[PDB]
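Here you get one chain, nothing else, as C-alpha cells; it is the form deposited without the named molecule.
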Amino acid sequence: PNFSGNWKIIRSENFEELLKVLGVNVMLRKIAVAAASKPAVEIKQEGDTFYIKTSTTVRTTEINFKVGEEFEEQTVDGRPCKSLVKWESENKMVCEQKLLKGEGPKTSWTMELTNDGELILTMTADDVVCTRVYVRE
C-alpha cells in the first residue's frame, strides 16, 4: 500500500459542520469553504516515512512524520498539538493528537486507501466526523 501520488477530492461530507464544533470564524466559512472545496493533497511515502502537503488556493501546509514518532502540527482550528501516527492495517493509519498548551475538543484524523485506489481521509473532532474522499490524479 503506497499512498504517494497527487490526489484530487471527489467527495466531502460534514466539513462546515465539523468547523462549528470548533467555533471557527463564522462569515469566513463561505470564503474559506470556497477555497477548501478544492484541497489538493500531495503525498510522498517511503516506508513508515511520510511527506504530506495539503494545498488549496491562498493556503499551503506541509507535514513530515514517521509512523510511531511524535511530531507537532495543528488541529483543524489552528491550535498547536503533539501528534502520533499508528498503523491500523497495511493501508490505514490513525493519527491521535493532543493540544500542547490549552484545552478543547479531542481530535484525530485517519487515512486509508481502498482496493479501488481511493484515499479516504476522515477527521473526527470529538463525536463529529468529517469524511473526504480522494482519487489519484
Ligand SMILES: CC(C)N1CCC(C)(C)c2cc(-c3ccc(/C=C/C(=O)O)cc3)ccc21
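Sequential numbering from 1, following the sequence displayed.
* **Entry-level comparison of average CA B-factors, 85 to 93 and 24 to 32, reporting the higher stretch** => Averaged over C-alpha atoms, the B-factors run higher in 24 to 32.
* To do: Averaging only over Cα atoms, indicate whether 63 to 71 or 98 to 106 has the higher B-factor in the PDB entry.
  => Of 98 to 106 and 63 to 71, the stretch with the higher C-alpha B-factor average is 98 to 106.
* Could you tell me which one of 129, 119, 19, 10 shows the highest CA temperature factor in the PDB record? => Each of 129, 119, 19, 10 was compared by C-alpha B-factor; the highest is 19.
* residue 37 - which third its CA temperature factor falls in, relative to the rest of the chain -> Its C-alpha B-factor, which the entry lists for residue 37, ranks in the highest third among residues of this chain.
* **Chain third (lowest, middle, highest) by recorded CA B-factor, residue given as residue 52** => Lowest third, going by the recorded CA B-factors of the chain.
* According to the PDB entry, is the CA B factor of residue 111 in the bottom, middle or top third of its chain, that is, lowest, middle or highest? -> Within its chain, residue 111 is a lowest-third residue by C-alpha B-factor, going by the deposited values.
* To do: Could you tell me which third, lowest, middle or highest, the C-alpha B-factor of residue 58 occupies within its chain?
  => Middle third, going by the recorded CA B-factors of the chain.
The same protein also exists as the form solved in complex with the named molecule; that form is not shown, yet it is the one meant from here on.
* Asked: Say the named molecule is put on the shown chain the way it sits in the entry with it bound, by superposing the C-alphas near its site; is the site then open or blocked (3+ ligand atoms within 2.4 Å of backbone or C-beta)?
  -> Open: when the named molecule is placed as it sits in the entry with it bound, none of its atoms comes within 2.4 Å of backbone or C-beta atoms.
* **Complete contact of 5, 47 and 94 with the named molecule in the entry with it bound (any heavy atom, 4.5 Å)** => Checked in the entry with it bound: no contact with the named molecule for any of the three.
* Considering only heavy atoms, tell me if residue 58 and the named molecule come within 4.5 Å of each other in the entry with it bound. => It does: once the named molecule is placed as it appears in the entry with it bound, residue 58 has a heavy atom within 4.5 Å of it.
* Classify residue 102 as contacting or not contacting the named molecule in the entry with it bound by the rule of any non-hydrogen atom within 4.5 angstroms, answering yes or no. => Contact with the named molecule, no.
* Asked: Using 4.5 Å between non-hydrogen atoms, is residue 19 touching the named molecule in the entry with it bound?
  -> Taking the distances in the entry with it bound, the answer for residue 19 is yes, it comes within 4.5 Å of the named molecule.
* Is there a non-hydrogen atom of residue 28 within 4.5 angstroms of a non-hydrogen atom of the named molecule in the entry with it bound? -> Output for residue 28 is yes: heavy atoms within 4.5 Å of the named molecule.
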